[PDB]
Each structure stands twice: as structure tokens, then as C-alpha cells.
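Note sheet for the following structure.
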Amino acid sequence: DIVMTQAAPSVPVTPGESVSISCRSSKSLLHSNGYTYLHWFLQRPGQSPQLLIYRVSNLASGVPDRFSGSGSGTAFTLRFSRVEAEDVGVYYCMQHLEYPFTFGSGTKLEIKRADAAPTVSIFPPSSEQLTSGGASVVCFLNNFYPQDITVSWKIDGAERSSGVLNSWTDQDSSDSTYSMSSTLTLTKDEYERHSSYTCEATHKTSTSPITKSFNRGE
Amino acid sequence: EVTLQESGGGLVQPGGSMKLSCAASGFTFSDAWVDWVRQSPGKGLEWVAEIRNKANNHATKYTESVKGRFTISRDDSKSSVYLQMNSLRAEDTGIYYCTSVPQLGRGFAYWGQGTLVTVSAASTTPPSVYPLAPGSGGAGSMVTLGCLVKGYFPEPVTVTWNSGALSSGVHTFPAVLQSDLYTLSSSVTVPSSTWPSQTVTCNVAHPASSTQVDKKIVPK
Ligand SMILES: O=C(O[C@H]1C[C@@H]2CC[C@@H]([NH2+]2)[C@H]1C(=O)[O-])c1ccccc1
């Protein structure tokens with residue numbers, strides 16, 4: 001099997017500048033017919049892959065002019081003349097010389113922007129869920145940057161780690177922020193033994209924890 | 001107008017069988033070589049199989065892990081390609097895409113939208129949908145509402161707000177799986193001058209179970 005390597009898992013870039021992504025193959029991709037079989041694909045969050053460049057440097061139809069490709073033998077480069085916020089996604093190279101066809105692990109493009117504090121919202125269990133015997137407490141931490149954030153749940157001042165469900169969105173293609181959802185799963189009975197519920201978040205935009213809480217008895 | 005459309009995915013029993021279809025239009029299907037590529041966490045994109053055109057004897061090529069279990073075929077009169085999968089294993093779970101090389105040296109130029117295949121012995125279960133409304137009073141300029149979708153299987157569910165009329169301030173998070181099955185949440189942020197004056201409704205559809213639910217977000 002031909003091994004395709006894209007060393008960088010991600011590359012941070014600011015809109016307006018040029019950048020390049022590299023890919024290497026364990027064997028020359030030059031065919032006897034004279035063509036080099038290396039293609040580049042883009043996979044935007046939640047969508048199917050799309051061809052950007054075929055055979056090293058030919059731009060596919062509909063692909064923006066800011067993309068270009070170069071390389072030969074076993075080293076290739078995809079370049080952006082000017083990056084746009086909307087270029088967020090994962091970029092893959094693929095060899096189309098021998099079977100099985102193999103893809104690189106991909107390089108995610110990360111758009112750099114100004115710090116942005118998360119907007120934190122906490123939601124007590126809806127009454128419809130309580131009549132059903134469940135009590136999920138939901139906390140949304142939206143539109144923040146940089147991407148790393150830490151969430152802590154406290155039930156009557158004591159921390160809780162079990163029964164926490166965490167989910168993260170990919171970088172937004174318009175404002176370049178990230179969002180996260182954290183859900184504390186409790187049974188109605190557990191929910192009623194306590195009164196204070198707090199969603200505590202730690203982010204670079206604040207020296208002190210971002211706290212949001214409510215009291216069941218209200 | 002070029003397109004490839006897959007169909008036939010969904011939940012299937014380990015050791016069971018499933019046939020995927022791919023319908024093409026907008027390009028010269030009879031000249032194209034057609035391939036199936038799948039995606040899963042850990043392997044990322046993985047080439048699966050290929051069938052060549054009539055001129056090239058309709059030859060088929062398969063990746064090692066599916067040889068003997070999968071069969072690819074095509075019907076040029078219906079502009080379609082099929083992928084018959086047998087003895088399915090948990091490792092075959094993933095999104096399957098149909099793609100084609102329309103002409104020499106063009107690469108995988110056209111891709112379908114993908115179809116999710118989940119190999120598991122668990123059973124199809126509809127979701128329960130719960131509106132999430134703020135506690136206190138707005139203000140301040142914007143208000144965030146949510147929708148909790150839980151207890152369903154398998155993926156996916158589609159969540160829209162006001163039948164799609166609300167989309168800019170929307171975040172639908174990836175689902176999380178544990179003993180209560182899948183749990184997914186979606187939030188929407190709107191001007192405080194929009195809610196609760198205007199109706200805000202979460203619409204949920206779960207294709208696998210044919211469930212459809214519309215729940216209104218009411219001030220608590
Ligand atoms: O995919 C096609 O051929 C193949 C030949 C070999 C094996 C992979 C790659 N090299 C590809 C290529 O583009 O060369 C093709 C599609 C339509 C019409 C004719 C040929």
C-alpha cells in the first residue's frame with residue numbers, strides 16, 4: 001500500500017494571508033504515461049468531500065482561483081494565495097496511482113481571530129421531562145474563541161463528573177467561533193434531592209470561572 | 001447538472017446483509033469508472049471498491065478487508081451502481097459515498113451526499129423532544145433557546161427551527177451516545193424582540209422511525 005502522510009493535524013491562519021499545506025507519498029506517483037496521480041480534496045464540516053485539484057496542479061471546475069498546487073515525485077503542496085474565513089475544513093491529498101487508493105489523514109485549516117468570551121446559558125429540566133421521570137440540565141457555551149474550554153458541574157457546591165455528556169461544534173465558517181454543549185443527566189428523584197445547579201466554565205477570556213446557576217426550588 | 005445520489009443505508013444487524021444504490025445523472029455515466037469510499041473515525045477516508053466501464057470489461061477491484069464480502073455492480077441502462085454488502089461487521093459502520101472518475105485523469109470529480117450505515121444489534125427507537133426555555137426575564141439584547149432530543153437510535157435526526165426560517169443563530173451539536181441511547185441538543189439565539197412575542201418552534205425528524213415532532217418553546 002502507498003502511504004500518504006500529512007504531518008500537520010491542523011494549521012492556524014489569519015484571513016488575508018497565504019499559507020501552504022504539505023503531503024508526502026511513500027512512493028513516486030509518476031505514472032508511465034507521464035501524469036502524476038495526486039489529487040487534493042476539501043471536506044467542509046458535515047458535508048461530503050469535494051475535489052479541489054487533480055493531478056498535482058489542475059484546478060477543478062468551480063474551484064476558487066486562490067487555490068494552487070505544486071510538487072513532484074513524492075512531495076506535494078497545496079497553497080492558498082489569500083485565505084478566507086469560509087475556508088475552514090479538512091484538506092486531504094490522495095494517490096490515484098495504485099490499488100488500493102489511499103488518502104492522507106488530512107490537515108484541518110483553523111482560522112485565527114480575536115478572543116471571544118462564551119455566552120453561557122443554563123436550562124433547568126423542562127416540566128415535560130420531569131413528568132416523564134427524567135431531569136437533564138443543559139448548559140450551552142456558545143460562540144467563543146480560542147477553541148479550548150473546560151466545563152465543570154456542581155450540585156449544591158459539590159462537583160459532579162459522572163453522567164455528563166459533552167459535545168462540540170466545528171469552527172464556524174462565518175464568525176470563526178466554536179460552541180459547546182454540556183448536559184448533566186439526572187433522574188427526577190436525584191434532581192429533587194438537591195437545589196443548586198451550576199455550570200462553571202473556564203476559558204482564556206476570563207481569569208475567573210464563568211458561572212451560571214439556578215435553584216430547583218424556584 | 002451533475003449529481004450522484006446514494007440510498008439504502010441505515011441500521012443493519014451484525015452478520016446481516018445490505019445493498020446500497022447510487023443513481024447518476026448530468027454526465028456520461030457509461031464512460032465513467034465508479035467507486036465507493038467510506039468514512040469512519042480512526043480510518044478517516046477509506047477507498048472500498050470500484051467497477052470500470054464496459055470498454056474496460058466492467059472489471060472490479062476491492063480493498064482487502066471487504067473482498068469476498070462485498071460485491072459492486074452497475075446497470076448502465078439505469079445509470080446506477082450498487083454495493084451489495086454481506087456478513088457485515090461493526091467495523092463496516094460509517095458514511096458511504098459514491099464517487100466517479102468521469103474521464104481519464106480527472107480524479108474523483110463527483111461525489112454523492114453520503115449514506116450512514118450503522119452495524120449494530122440495538123433496535124430502532126424514536127426520540128422524545130423537550131423545549132428548553134430561559135429561566136428569568138430577557139434583558140439582554142439576545143435570548144438563547146434550545147431543544148433537547150433524546151432517547152433515539154440510530155442516527156441521524158434532522159432538527160430545524162421554524163421549519164427552516166431560522167438558521168443564522170443556530171447551533172446543532174453532535175449527538176452523544178450512552179445508556180439512554182442518543183442525546184442531541186440544538187440551540188438558537190434570536191433578538192429578545194422576537195421571542196416570546198413570536199412563535200419559536202423546534203422541528204425534529206427521525207427518518208429511521210418515521211417520527212416527526214414539532215414542539216413550541218414557551219416561557220416558563
Ligand atoms: O479512472 C480511470 O482510469 C484509471 C486508470 C488507472 C487506475 C486509476 C487511475 N489510473 C485512473 C486514471 O485516471 O488514469 C478512467 C475513467 C474513465 C475513463 C477512462 C479511465
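A note on labels: chains of the C-alpha cells are A, B, ... as shown, every chain counts residues from 1, and ligands are counted from 1 in their shown order.
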
| Once you count only C-alpha atoms and all ligand atoms, which residues end up within 8 Å of ligand 1, and could you hand them over as a list in words? |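 Sorted by chain and then by number, the residues are residues 37, 96, 97, 98 and 99 of chain A; 31, 32, 33, 52, 53, 100, 101, 102, 103, 104, 105, 106 and 107 of chain B.
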
With N, CA, C and O atoms kept, could you save the residues just selected as an mmCIF file, in the first residue's frame?
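Final output, result-v7.cif:
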```cif
data_model
loop_
_atom_site.group_PDB
_atom_site.id
_atom_site.type_symbol
_atom_site.label_atom_id
_atom_site.label_comp_id
_atom_site.auth_asym_id
_atom_site.auth_seq_id
_atom_site.Cartn_x
_atom_site.Cartn_y
_atom_site.Cartn_z
ATOM 1 N N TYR A 37 -0.338 11.131 -10.410
ATOM 2 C CA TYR A 37 -1.639 10.916 -9.822
ATOM 3 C C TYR A 37 -1.828 11.270 -8.360
ATOM 4 O O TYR A 37 -1.934 10.392 -7.503
ATOM 5 N N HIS A 96 -3.826 8.239 -6.630
ATOM 6 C CA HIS A 96 -4.720 7.531 -7.540
ATOM 7 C C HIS A 96 -3.857 6.754 -8.548
ATOM 8 O O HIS A 96 -4.212 6.625 -9.731
ATOM 9 N N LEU A 97 -2.713 6.258 -8.082
ATOM 10 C CA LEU A 97 -1.795 5.503 -8.931
ATOM 11 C C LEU A 97 -1.994 3.992 -8.850
ATOM 12 O O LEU A 97 -2.145 3.322 -9.867
ATOM 13 N N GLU A 98 -1.987 3.457 -7.636
ATOM 14 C CA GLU A 98 -2.118 2.019 -7.425
ATOM 15 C C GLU A 98 -3.251 1.660 -6.479
ATOM 16 O O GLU A 98 -3.621 2.466 -5.620
ATOM 17 N N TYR A 99 -3.780 0.446 -6.623
ATOM 18 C CA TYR A 99 -4.840 -0.040 -5.732
ATOM 19 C C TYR A 99 -4.154 -0.711 -4.528
ATOM 20 O O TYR A 99 -3.149 -1.395 -4.692
ATOM 21 N N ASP B 31 -19.324 6.020 -19.605
ATOM 22 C CA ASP B 31 -17.866 6.123 -19.789
ATOM 23 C C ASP B 31 -17.109 6.139 -18.458
ATOM 24 O O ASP B 31 -15.920 5.832 -18.415
ATOM 25 N N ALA B 32 -17.794 6.520 -17.383
ATOM 26 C CA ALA B 32 -17.165 6.643 -16.062
ATOM 27 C C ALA B 32 -16.832 5.348 -15.326
ATOM 28 O O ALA B 32 -17.473 4.327 -15.530
ATOM 29 N N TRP B 33 -15.803 5.404 -14.486
ATOM 30 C CA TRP B 33 -15.434 4.282 -13.625
ATOM 31 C C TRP B 33 -16.084 4.787 -12.336
ATOM 32 O O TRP B 33 -16.019 5.988 -12.051
ATOM 33 N N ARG B 52 -15.203 -0.745 -13.338
ATOM 34 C CA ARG B 52 -14.849 0.008 -14.537
ATOM 35 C C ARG B 52 -15.969 0.016 -15.559
ATOM 36 O O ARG B 52 -17.020 -0.590 -15.336
ATOM 37 N N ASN B 53 -15.753 0.696 -16.679
ATOM 38 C CA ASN B 53 -16.791 0.775 -17.690
ATOM 39 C C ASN B 53 -16.765 -0.448 -18.579
ATOM 40 O O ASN B 53 -15.869 -1.287 -18.474
ATOM 41 N N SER B 100 -17.191 9.209 -8.729
ATOM 42 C CA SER B 100 -16.818 8.705 -10.043
ATOM 43 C C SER B 100 -15.694 9.474 -10.712
ATOM 44 O O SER B 100 -15.465 10.656 -10.428
ATOM 45 N N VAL B 101 -14.991 8.761 -11.583
ATOM 46 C CA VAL B 101 -13.906 9.293 -12.376
ATOM 47 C C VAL B 101 -14.607 9.328 -13.745
ATOM 48 O O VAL B 101 -14.722 8.308 -14.432
ATOM 49 N N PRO B 102 -15.096 10.500 -14.152
ATOM 50 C CA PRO B 102 -15.799 10.620 -15.434
ATOM 51 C C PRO B 102 -14.971 10.406 -16.682
ATOM 52 O O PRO B 102 -15.477 9.931 -17.687
ATOM 53 N N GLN B 103 -13.697 10.750 -16.615
ATOM 54 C CA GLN B 103 -12.818 10.595 -17.756
ATOM 55 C C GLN B 103 -11.381 10.465 -17.260
ATOM 56 O O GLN B 103 -11.057 10.871 -16.136
ATOM 57 N N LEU B 104 -10.526 9.900 -18.104
ATOM 58 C CA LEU B 104 -9.125 9.694 -17.758
ATOM 59 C C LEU B 104 -8.445 10.879 -17.070
ATOM 60 O O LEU B 104 -8.534 12.019 -17.526
ATOM 61 N N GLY B 105 -7.762 10.585 -15.966
ATOM 62 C CA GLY B 105 -7.008 11.593 -15.237
ATOM 63 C C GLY B 105 -7.767 12.668 -14.492
ATOM 64 O O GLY B 105 -7.140 13.565 -13.936
ATOM 65 N N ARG B 106 -9.092 12.558 -14.443
ATOM 66 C CA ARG B 106 -9.939 13.554 -13.788
ATOM 67 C C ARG B 106 -10.063 13.418 -12.266
ATOM 68 O O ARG B 106 -10.545 14.341 -11.604
ATOM 69 N N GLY B 107 -9.652 12.279 -11.719
ATOM 70 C CA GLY B 107 -9.781 12.076 -10.289
ATOM 71 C C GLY B 107 -11.238 11.835 -9.896
ATOM 72 O O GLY B 107 -12.111 11.679 -10.755
#
```

Select from chain B every residue with an atom at most 6 Å from any atom of chain A, then for each give the shortest pair of atoms and their distance in Å to one decimal, using only C-alpha atoms, rows by chain and rising number, as a tab-separated table.
```
residue	atom	partner	partner_atom	distance
B:47	CA	A:101	CA	6.0
B:63	CA	A:100	CA	5.9
B:107	CA	A:54	CA	5.8
B:109	CA	A:51	CA	5.7
B:113	CA	A:48	CA	5.7
B:173	CA	A:169	CA	5.8
B:174	CA	A:167	CA	5.9
```

How would the residues just chosen look if you wrote them out with N, CA, C and O atoms as a PDB file, in the first residue's frame?
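Saved the output as selection_12.pdb:
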```
ATOM      1  N   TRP B  47     -10.914   4.001   0.722  1.00  0.00           N
ATOM      2  CA  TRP B  47     -11.435   3.519  -0.558  1.00  0.00           C
ATOM      3  C   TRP B  47     -11.956   2.103  -0.329  1.00  0.00           C
ATOM      4  O   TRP B  47     -11.318   1.313   0.360  1.00  0.00           O
ATOM      5  N   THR B  63     -10.971  -3.369  -1.791  1.00  0.00           N
ATOM      6  CA  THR B  63      -9.928  -3.236  -0.784  1.00  0.00           C
ATOM      7  C   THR B  63      -9.940  -4.581  -0.043  1.00  0.00           C
ATOM      8  O   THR B  63     -10.979  -5.247   0.039  1.00  0.00           O
ATOM      9  N   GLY B 107      -9.652  12.279 -11.719  1.00  0.00           N
ATOM     10  CA  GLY B 107      -9.781  12.076 -10.289  1.00  0.00           C
ATOM     11  C   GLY B 107     -11.238  11.835  -9.896  1.00  0.00           C
ATOM     12  O   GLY B 107     -12.111  11.679 -10.755  1.00  0.00           O
ATOM     13  N   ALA B 109     -14.045  13.241  -9.405  1.00  0.00           N
ATOM     14  CA  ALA B 109     -14.645  14.550  -9.675  1.00  0.00           C
ATOM     15  C   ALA B 109     -16.000  14.832  -9.084  1.00  0.00           C
ATOM     16  O   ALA B 109     -16.285  15.976  -8.728  1.00  0.00           O
ATOM     17  N   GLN B 113     -23.927  12.502  -1.625  1.00  0.00           N
ATOM     18  CA  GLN B 113     -24.051  13.170  -0.328  1.00  0.00           C
ATOM     19  C   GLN B 113     -23.672  12.280   0.848  1.00  0.00           C
ATOM     20  O   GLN B 113     -23.475  12.774   1.950  1.00  0.00           O
ATOM     21  N   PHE B 173     -25.634  20.553  17.882  1.00  0.00           N
ATOM     22  CA  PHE B 173     -24.469  19.808  18.338  1.00  0.00           C
ATOM     23  C   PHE B 173     -24.471  18.323  17.992  1.00  0.00           C
ATOM     24  O   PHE B 173     -25.527  17.713  17.816  1.00  0.00           O
ATOM     25  N   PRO B 174     -23.278  17.732  17.835  1.00  0.00           N
ATOM     26  CA  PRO B 174     -23.212  16.302  17.522  1.00  0.00           C
ATOM     27  C   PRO B 174     -23.903  15.534  18.655  1.00  0.00           C
ATOM     28  O   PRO B 174     -23.850  15.947  19.805  1.00  0.00           O
TER      29      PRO B 174
END
```

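Among the candidates A:107, A:43, A:25, A:198, the residue lying nearest to residue 11 of chain A is A:107 (atoms considered: only C-alpha atoms).
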
| message | To test your reading of the structure, identify every residue in segment 65-191 of chain A that backbone DSSP assigns to alpha helix (DSSP H), and report it as a PyMOL selection string. | response | chain A and resi 127-131+188-191

| remark: note - atom CA of residue 10 of chain B and atom CA of residue 117 of chain B are separated by 4.9 Å

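Take atom CA of residue 4 of chain A and atom CA of residue 44 of chain B: the distance between them is 12.4 Å.
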
| said: Which residue is closest to residue 126 of chain B? Choose from B:3, B:25, B:183, B:65 and count only C-alpha atoms. | reply: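 When distances to residue 126 of chain B are compared using only C-alpha atoms, the smallest one comes from B:183.
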
| request: Just the residues within 12 Å of residue 139 of chain B, please, counting only C-alpha atoms, with nothing from its chain fewer than 4 positions along; format it as a list in words. | output: residues 134, 143, 144, 191, 192, 193 and 195 of chain B

Which polymer residues have any atom within 7 Å of an atom of segment 153-156 of chain A, counting only C-alpha atoms, with same-chain residues fewer than 2 positions away left out, as a CSV table (one decimal) with N, CA, C and O atoms, in the first residue's frame?
```csv
chain,number,residue,atom,x,y,z
A,151,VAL,N,-15.4,22.7,31.3
A,151,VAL,CA,-16.7,22.9,32.0
A,151,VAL,C,-16.7,22.0,33.2
A,151,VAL,O,-16.3,20.8,33.1
A,158,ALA,N,-20.9,20.8,45.3
A,158,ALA,CA,-20.0,19.7,45.1
A,158,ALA,C,-19.9,19.3,43.7
A,158,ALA,O,-20.9,19.2,43.0
A,159,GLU,N,-18.7,19.1,43.2
A,159,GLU,CA,-18.5,18.7,41.8
A,159,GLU,C,-19.0,17.4,41.4
A,159,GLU,O,-19.0,16.4,42.2
A,160,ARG,N,-19.5,17.2,40.1
A,160,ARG,CA,-20.1,16.0,39.6
A,160,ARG,C,-19.4,15.7,38.2
A,160,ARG,O,-19.5,16.5,37.3
A,194,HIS,N,-31.5,17.8,45.5
A,194,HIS,CA,-30.7,19.0,45.6
A,194,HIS,C,-31.4,20.2,45.1
A,194,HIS,O,-32.5,20.2,44.6
A,195,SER,N,-30.8,21.4,45.4
A,195,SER,CA,-31.4,22.6,45.0
A,195,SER,C,-30.6,23.5,44.0
A,195,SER,O,-31.1,24.2,43.2
A,196,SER,N,-29.3,23.6,44.3
A,196,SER,CA,-28.4,24.4,43.4
A,196,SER,C,-27.7,23.7,42.3
A,196,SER,O,-27.1,22.7,42.6
A,197,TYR,N,-27.9,24.2,41.1
A,197,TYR,CA,-27.2,23.6,39.9
A,197,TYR,C,-26.4,24.6,39.2
A,197,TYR,O,-26.9,25.7,38.9
A,198,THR,N,-25.1,24.3,39.0
A,198,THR,CA,-24.3,25.3,38.4
A,198,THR,C,-23.4,24.7,37.3
A,198,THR,O,-22.8,23.6,37.4
A,199,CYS,N,-23.3,25.5,36.2
A,199,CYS,CA,-22.5,25.2,35.1
A,199,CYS,C,-21.3,26.2,35.2
A,199,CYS,O,-21.5,27.4,35.0
A,200,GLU,N,-20.1,25.7,35.4
A,200,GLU,CA,-19.0,26.5,35.5
A,200,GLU,C,-18.0,26.3,34.4
A,200,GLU,O,-17.5,25.2,34.2
```

| Residue neighbourhood residue 130 of chain A, 10 Å, only C-alpha atoms, exclusion window fewer than 6 positions, as a PyMOL selection string | chain A and resi 136+187-189+191

| said: Give me, as a PyMOL selection string, all polymer residues having an atom no more than 12 Å from residue 14 of chain B, counting only C-alpha atoms and skipping those fewer than 2 positions away in the same chain. | reply: chain B and resi 11-12+16-18+85-93+117-122

| atom CA of residue 81 of chain B to atom CA of residue 37 of chain B: how many Å, to one decimal? |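 One can read the atom CA of residue 81 of chain B to atom CA of residue 37 of chain B distance as 13.1 Å.
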